[PDB]
Amino acid sequence: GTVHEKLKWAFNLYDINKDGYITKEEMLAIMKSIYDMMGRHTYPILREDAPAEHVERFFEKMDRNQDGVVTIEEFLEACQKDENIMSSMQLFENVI
Ligand SMILES: [Ca+2]
Ligand SMILES: [Ca+2]
């Protein structure tokens with residue numbers, strides 16, 4: 001399956017419009033969509049105590065040029081730069 005093929009797969013599930021640019025609105029839909037059954041006991045890895053907190057940090061580390069939207073080029077470049085972020089994105093694909 002390779003790692004690169006899996007990276008593009010996650011982006012395809014994120015970018016709803018498939019324009020190569022993931023926006024804040026697109027991220028909100030993902031957080032609401034992928035959040036059904038995330039465990040059976042205790043799984044503290046995303047303490048959502050606010051609607052705007054885990055999005056700013058994720059976007060600040062994703063958007064390279066900081067144009068206001070994340071792109072496939074930046075996401076792929078950042079995914080190979082951070083292990084923590086890449087681990088979280090892998091959970092979304094492994095959640096199904
Ligand atoms: Ca988009
Ligand atoms: Ca960008």
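As documented in the archive entry, the model was determined using solution NMR.

The name the PDB entry gives the protein is Calsenilin, with Homo sapiens as the organism. The record lists the entry's title as "Solution structure and calcium binding properties of EF-hands 3 and 4 of calsenilin".

**Student:** Would you mind going over helix 4 (residues 72-79) with me for this structure?
**Tutor:** Spacing of three or four residues puts side chains on the same side of an α-helix, whose turn is 3.6 residues. For helix 4, the set of buried residues is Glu-74, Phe-75, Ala-78 and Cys-79. Along helix 4, the residues classed as buried sweep out an arc of 130° about the axis, all on the same side. As for helix 4, its buried residues are in contact with helix 1 (4-14), helix 3 (54-62), strand 2 (70-71) and helix 5 (83-94). One side-chain oxygen at the N-terminal end of helix 4 lies 3.2 Å from the backbone nitrogen of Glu-73; it belongs to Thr-71.

**Student:** So what exactly am I meant to see when it comes to the UniProt feature "binding site: Ca(2+) 2" in the protein here?
**Tutor:** Feature annotation in UniProt assigns "binding site: Ca(2+) 2" to the following positions: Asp-63, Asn-65, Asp-67 and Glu-74. Looking at where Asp-63 falls in the secondary structure, it is placed in the loop between helix 3 and strand 2. Along the chain, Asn-65 falls in the loop between helix 3 and strand 2. Taking relative accessible area as the criterion, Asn-65 reaches 52% and is therefore assigned exposed.

**Student:** Got a minute to help me understand the UniProt feature "binding site: Ca(2+) 1" in the protein in this structure?
**Tutor:** Feature annotation in UniProt assigns "binding site: Ca(2+) 1" to the following positions: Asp-15, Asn-17, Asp-19, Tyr-21 and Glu-26. The class of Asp-19 is partly exposed, set by a relative accessible area of 38%. By the secondary structure assignment, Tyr-21 is in strand 1 (residues 21-22). Residue classification places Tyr-21 among the partly exposed positions, given a relative accessible area of 37%. In this view, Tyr-21 contacts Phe-11, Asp-15, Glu-26, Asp-67, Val-69, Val-70 and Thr-71; residues no more than four positions away in its chain are not counted.

Definitions and limits used
- Residues numbered from 1 in each chain as written, not as in the entry; some residues may be left out.
- Chains lettered and ligands numbered in written order.
- Heavy atoms only, no water.
- Buried < 20%, exposed > 50% of the residue type's maximum accessible area, 1.4 Å probe, protein only.
- Helix = DSSP H or I, 4+ residues; strand = E, 2+ residues; numbered from the N terminus.
- Arc of directions from axis to C-beta.
- Contact = heavy atoms within 4.5 Å.
- Polar contact = N/O pair within 3.5 Å; in protein donor to acceptor, adjacent residues only side chain to side chain.
- UniProt positions renumbered as here; feature names shortened; annotations may be inferred.

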